[PDB]
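Peer 1: This structure is in structure tokens; I'll ask about it shortly.
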Amino acid sequence: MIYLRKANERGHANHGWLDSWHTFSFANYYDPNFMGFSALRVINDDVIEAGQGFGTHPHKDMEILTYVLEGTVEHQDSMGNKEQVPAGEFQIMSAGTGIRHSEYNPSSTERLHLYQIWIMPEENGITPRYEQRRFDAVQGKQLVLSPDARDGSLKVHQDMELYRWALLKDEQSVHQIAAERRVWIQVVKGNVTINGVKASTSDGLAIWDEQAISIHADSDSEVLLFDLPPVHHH
């Protein structure tokens, strides 16, 4: 089973200050097939105007991950947590029992482009936490999130692993995967072929009932590989 979630068929809302593409049903947007893939519930491709952002709002039981692609984002939460995340970096927050936060573009002249990812925690009512990490760039398979925070990855309260995979043109690799585990691949940029399916910038791929993920880069690319726990008519 392999399904392509085309970039142009994503939900879309443009409020001027924010332009967002939704991979899965979000708020008032509903997609009968893409309701949420395993523990992966939200993937919003957001572009925010200089000086704008999301005012303070509450969250409960949910792991919120942010990946900045361009510009800078300023985080503030119902705590003392203040932080600026530049392009290329990640940040993660566990809403746990409850929490409020805001995110805005501190630049007074440059836009902000980021991915807002929501992961359902396998454990509910945990304690609120905020972490940020600066990984050292390097063309390879880098671990970003892990249940145990192994190999320099950030901890995530869910039986899932997230990799940032940078591939040069004509490069190729493989990722095992056992049991009834599922995989979501989001192409941040570039053109790749995965298990016989071509995908380009902003495309997503749902895969399951497979034991190996074969990836070939048709051009320099970068993908996020979500290795999700076992569990729509694609």
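Numbering starts fresh at 1 for the residues of each chain in the structure tokens, the chains themselves are lettered A, B, ... in the order given, and ligands are numbered from 1 as they appear.
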So that I can see what lies close to residue 32 in chain A, please list as a ChimeraX atom specification the residues with an atom at most 12 Å from it, counting only C-alpha atoms and leaving out residues fewer than 4 positions away in the same chain.

Peer 2: /A:11,23-26,36,232-234

Peer 1: So that I can see what lies close to residue 221 in chain A, please list as a count of residues only the residues with an atom at most 8 Å from it, counting only C-alpha atoms and leaving out residues fewer than 5 positions away in the same chain.

Peer 2: 10

Peer 1: Near residue 7 in chain A, counting only C-alpha atoms, which residues have an atom at most 12 Å away, once you skip same-chain residues fewer than 4 positions from it, shown as a list in words?

Peer 2: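 The residues that qualify are residues 11, 12, 20, 21, 22, 23, 24, 43, 44, 45, 186, 187, 188, 189, 199, 200, 201, 202, 203, 204 and 205 of chain A.
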
Peer 1: Name all residues at most 10 Å from residue 47 in chain A (count only C-alpha atoms; drop same-chain ones fewer than 2 positions away) and give them as a PyMOL selection string.

Peer 2: chain A and resi 14+16-21+44-45+49-50+53+69-71+105+111-115
